[PDB]
Amino acid sequence: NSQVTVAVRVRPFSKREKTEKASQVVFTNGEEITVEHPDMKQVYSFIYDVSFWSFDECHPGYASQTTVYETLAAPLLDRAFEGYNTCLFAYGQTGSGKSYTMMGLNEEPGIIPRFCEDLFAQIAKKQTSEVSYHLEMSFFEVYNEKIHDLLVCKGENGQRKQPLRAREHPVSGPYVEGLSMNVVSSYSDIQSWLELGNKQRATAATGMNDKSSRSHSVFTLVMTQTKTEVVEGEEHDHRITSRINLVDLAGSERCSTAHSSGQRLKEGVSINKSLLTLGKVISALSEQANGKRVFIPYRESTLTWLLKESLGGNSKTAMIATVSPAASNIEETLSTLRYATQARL
Amino acid sequence: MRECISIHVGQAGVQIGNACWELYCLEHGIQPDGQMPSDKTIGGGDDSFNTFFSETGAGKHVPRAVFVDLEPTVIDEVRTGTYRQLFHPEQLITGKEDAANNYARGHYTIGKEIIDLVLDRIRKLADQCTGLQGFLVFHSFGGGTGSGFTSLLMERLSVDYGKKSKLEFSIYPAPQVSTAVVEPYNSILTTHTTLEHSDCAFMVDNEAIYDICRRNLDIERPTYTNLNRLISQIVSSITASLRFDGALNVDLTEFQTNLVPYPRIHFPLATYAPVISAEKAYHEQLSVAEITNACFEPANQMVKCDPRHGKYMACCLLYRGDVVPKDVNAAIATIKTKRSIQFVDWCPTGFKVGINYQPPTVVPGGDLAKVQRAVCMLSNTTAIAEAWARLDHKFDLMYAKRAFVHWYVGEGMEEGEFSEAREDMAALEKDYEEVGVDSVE
Amino acid sequence: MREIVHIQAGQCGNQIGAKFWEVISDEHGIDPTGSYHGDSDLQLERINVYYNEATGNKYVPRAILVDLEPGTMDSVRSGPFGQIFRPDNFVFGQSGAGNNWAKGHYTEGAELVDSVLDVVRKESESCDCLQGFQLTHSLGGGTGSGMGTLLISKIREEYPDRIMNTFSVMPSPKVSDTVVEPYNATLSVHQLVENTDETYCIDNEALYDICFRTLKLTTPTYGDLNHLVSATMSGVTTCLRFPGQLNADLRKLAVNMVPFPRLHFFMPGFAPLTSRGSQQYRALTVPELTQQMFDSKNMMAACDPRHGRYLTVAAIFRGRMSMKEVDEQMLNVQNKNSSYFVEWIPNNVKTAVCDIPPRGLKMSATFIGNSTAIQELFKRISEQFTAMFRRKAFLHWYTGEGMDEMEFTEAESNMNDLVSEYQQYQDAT
Ligand SMILES: CC(=O)O[C@H]1C(=O)[C@@]2(C)[C@H]([C@H](OC(=O)c3ccccc3)[C@]3(O)C[C@H](OC(=O)[C@H](O)[C@@H](NC(=O)c4ccccc4)c4ccccc4)C(C)=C1C3(C)C)[C@]1(OC(C)=O)CO[C@@H]1C[C@@H]2O
Ligand SMILES: Nc1nc2c(ncn2[C@@H]2O[C@H](COP(=O)(O)OP(=O)(O)OP(=O)(O)O)[C@@H](O)[C@H]2O)c(=O)[nH]1
Ligand SMILES: Nc1ncnc2c1ncn2[C@@H]1O[C@H](COP(=O)(O)OP(=O)(O)NP(=O)(O)O)[C@@H](O)[C@H]1O
Ligand SMILES: Nc1nc2c(ncn2[C@@H]2O[C@H](COP(=O)(O)OP(=O)(O)O)[C@@H](O)[C@H]2O)c(=O)[nH]1
Ligand SMILES: [Mg+2]
């Protein structure tokens, strides 16, 4: 079992909050990301493996959208060609800079298309006769611990959504029963299928923001390395397979501060449990490498259950936290960083 | 007039009130139904004392208190017991379901839609009072109600009533003894709020009073209605200067000043030295010096913390009965001459003193004895950090594995909130180290 | 007003319930007709926890009997306390399950369950507040193994924010009363770890031992084993009905006794059980009940806690007592017997008290416990399973009613995975 990698990325500022002209709390002495209140009763200091400083375009070591790819995401691609599975997560609440980093906008790209483009580049470089690759994409979510596919039946069909169910092949692993995945050939089809999905992610308008996601979106790609017929006969190790998972999680959203009942409270309760189990899984998996007999609780959550074959074994994991530099979110921001520490140790 | 509103949250607060009022009604001359026979016979005096009991024109007397537990199994013993014709029927049961020993239930999901009645009855009782100066609260740090409803209530009352003393006579969990395996959690999350909102939070521990009940009262098999009858005596020694006369009187806006150096260290202790039995009541003098010295003994403390591992920042001494001042000003000098008892360099004055003329009352069916004098100490010590750390360690032992946490997030809670509360509990065990340091120049 | 909806499922559940209502009625003062013939007022203040009311000061119970293929409607109705149940609640069908988990989950259950739930609604909405459900079934058969668990799923979907207690009889390490016990048990545990908050793993051999060693009964029938299970069934829900000093509920005993969700398989016990001769030569105090409870002979689970570590135990006391004795005696166990407990929970025991004891005693008790020794109960079936599933043993009677082989494998892994969560916490860290 390999090590989990954890990083942090601070957004510059939002023009919406800038009407208030609130203050700055986060500071960076290289890799010790210090936090300070306006009162300065205490001063917190968090140390992580990696740290991205995107507060303003003055400081050296500014981490442009390019800098995340070569630093965190490109090794996932380099290992996927070796047959090993990979996973990337993303943890931050509404307004953190999360979907800016996953995909960005058409002019400032994120992590998904810049990854899937270099993927096809290294394919077309090695699309020889001895080797021939095949890609397949799927995109689903988790709402109240129910799996839904974002690319099926488009709603308005009597019923609302299709609650698929998870099962366990004995040797292949966990899987979803009823997920017509897709086939791809190049990059634009991925963008079309993904724009078709995110419109149907079951978001909801909480008081803090009009668009706040209440689902853990999962994007899975499957890569195969088929080889050719050897001279003696028709048998050749052509089943080298790999699986790339990219998750866009939701925010913790504590409910005492945000007076929410009825259905948002159930959503929140489903979101805080998945996050807790995910943290427990990552901590156990990072404690197994250091030498210990520990049980990894996959089965206590669906997102940790379907991805059992992507975290354990000899696979690689990665996590990106996103925090606001303001003081208004100081109780929110700190929580994220605290979770990241639990992933590091 | 002077008044004090007494709130009683949870089973602990209810079982304490059922003794506190049993004592007050007897101190003032009130039957369990409400009617006093003394006012018609003697024809004078304010024995219907307005600090706790309001009066109706029909000769009836109505207490200034409220009850709420989110479980009707307790208060229904009042609505069907001996004290039913006294209390207002608005004893806010809302117990369609209990709070499962988790703060997340007493805070949001069974603590909302119930609190409005509480904050309405408190307004109704405050409108009846002219010179209100106190919101006493009785709860327990351990349970979901005492931890959650109390924090949902104090944060509301600090908005509503604001510049008004609040006092929490709470039950701190014991190190070894316990009746639950979540008290290390429900206690830390409470401090994170009451530390900011409350003004002076006393603390008692059932282990200490158990020990007191065997080494002094000769009871080998005690129950809770023996300890609650000592807690009632504490609250009566506190609230006596409000009701009865005395040479040196002490109001509730004086503990808040002479025992609270900084706003975050308002967690004192409490004692009551003569708890002697009717057999040992004879064979003994029970003078001011003996009692005052007994208040400074570790064995007689109603909280489990060796005060010799720390220093005293302040201390009050509320006497009750036949006492003379120079007996007191001779008793304290013997304490300052002693080298086991320490005092911070920033408080040589140290002592607040209070005297009252009304002696205690002996509740029948009881273990306490008749005494011509009785005392209650209220000390602020730097030793109770060692009692706080014992909880914090437990937290760190059952949060590294994230145990029992899903029962909290399952009822409206975030993981990081637990971490934030632990950070708040660590800042306070550091300030106690700051105050304990001798200055240098 | 907290309220419990009982459900019977199968022969075991029907007989055990028939003996449980015979033990709650006596506790409350109700006769076979439904009339009140009590002596105290404190039996009616909270009679709503199990019984509904009716016209002539009568009281009807909230039972929902379910057993495809009858043979027991006659046995309960004809019995002494049978004509108190609601006849519309006598649900049943023909074509018995035949000791198959499939016929009681897929074929015959699917065409009966929609008539069962239609009573739960009719018996749930009438409750002012609902604390949870109480099922009584036995693994090994078809009704208790399949139909009860299907009901559990259908009810945890509708009423999720509640408690589904399930007091389950389990197979044994020796002679059994059914040949296909392992497969039904495996396929039930897969559906009882994900959809349940508190289950009691009762075994019959531990009850034969309790009846032959302590009680010194020579010819014990099934109507004497249930007379022990009913004790626990009443003792758990006493802090809702009767008052006390430290009250409780089904949710306090589920928040403290379940550190992680899957580990909700408990290990019950009742004290003071004794022979008629040794009743004159004993004393009734707290420590006697404590020793009789923590002893490995009074547990009903066919597992030895001395082979494992207690994660969390409970003790619902009943009687006029002193908490100075209770807390002291429950701390003495943690201090003396430390290796039988875990260190990453500081205190491993809570206490509950009620001031109102049993009809003929002065102080009773009821012990719940969450040990790792339940490992040994599920390390057995998973062997039997993989002693049979390999050769494709009595399985054509399962595939022949709409079940693939994969469903047999999944339930084998989850159980095994559960065994690897109890055994994680059985050695020093
Ligand atoms: C002088 C005396 O002690 O009489 C006892 C008695 O001797 C003993 C042996 C009773 C006796 O019970 C048994 O012998 C027995 C037989 C088979 C299986 C289990 C028990 C007793 O019959 C049983 C009976 O128990 C009760 O009445 C409780 O209410 C019990 N309910 C019923 O027994 C009951 C059953 C069906 C119909 C009506 C009532 C109960 C238990 C737990 C929770 C609530 C109620 C009692 C006190 C006794 C006798 C009568 C001898 C004991 O019963 C229980 C469950 O406590 C057996 O061990 C206890 C210890 C008692 O000492
Ligand atoms: N001194 C004293 N303490 C009590 C008494 N009753 C309960 N306690 C304490 O209260 C704690 C339990 O929490 P409580 O707040 O009383 O529980 P509750 O009030 O019923 O509310 P829930 O937790 O929701 O059940 C235990 O740790 C006891 O030590 C009492 O009568 N006297
Ligand atoms: N690294 C960055 N550098 C520069 N600008 C940034 C950066 N990250 C975020 N921003 C800006 O801040 C905005 C972040 O807000 P927004 O994109 O709405 O949050 P979001 O993460 O996309 N919503 P959600 O998916 O719920 O987290 C972006 O749209 C940019 O305008
Ligand atoms: N304790 C007890 N167990 C019983 C009784 N009747 C049957 N059993 C047990 O139930 C198991 C068989 O399950 P069964 O009742 O036939 O379930 P069903 O086939 O669905 O009705 C066996 O292990 C028996 O030991 C009873 O009256 N009391
Ligand atoms: Mg309670």
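Chain A is numbered as in Swiss-Prot; shown residues: 391-735, in order.
Method on record in the header is electron microscopy, 3.1 Å.
Quick reminder: no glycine exception, Cβ is built from N, Cα and C everywhere.
Under the three-state DSSP scheme, A:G482 (ATP binding site) falls in the coil class. Close to A:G482 (ATP binding site) in the fold, though at least 6 residues off in sequence, lie A:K488, A:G641, A:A711, A:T712, A:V713, A:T726, each with a CB less than 8 Å from its CB. Marked as ATP binding site by Swiss-Prot on the basis of a large-scale study or a structure entry: A:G482, A:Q483, A:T484, A:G485, A:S486, A:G487, A:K488, A:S489.
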Near-site residues: ATP, ref A:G482, A:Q483, A:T484, A:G485, A:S486, A:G487, A:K488, A:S489, CB cutoff 8 A to centroid: A:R401, A:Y490, A:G641, A:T712, A:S714
Count of other CB atoms lying within 10 Å of the CB belonging to A:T484 (ATP binding site): 18
Contacting binding-site residues, sequence order - A:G485, A:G487, A:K488, A:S489 vs ligand 1, Cβ under 6 Å: none
Candidates A:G485, A:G487: member of the binding-site residues with the richest Cβ shell (10 Å): A:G487
C-beta crowding around A:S489 (ATP binding site), within 10 angstroms: 18
Mapped DSSP class for A:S489 (ATP binding site), helix or strand or coil: helix
Neighbourhood of A:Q483 (ATP binding site) by C-beta distance under 8 A, where only residues 6 or more apart in the same chain count: A:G641, A:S642, A:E643, A:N719, A:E722, A:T726
Those residues of the chain, 6+ apart, with a Cβ under 8 Å from that of A:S486 (ATP binding site): A:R401, A:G641, A:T712, A:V713, A:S714, A:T726
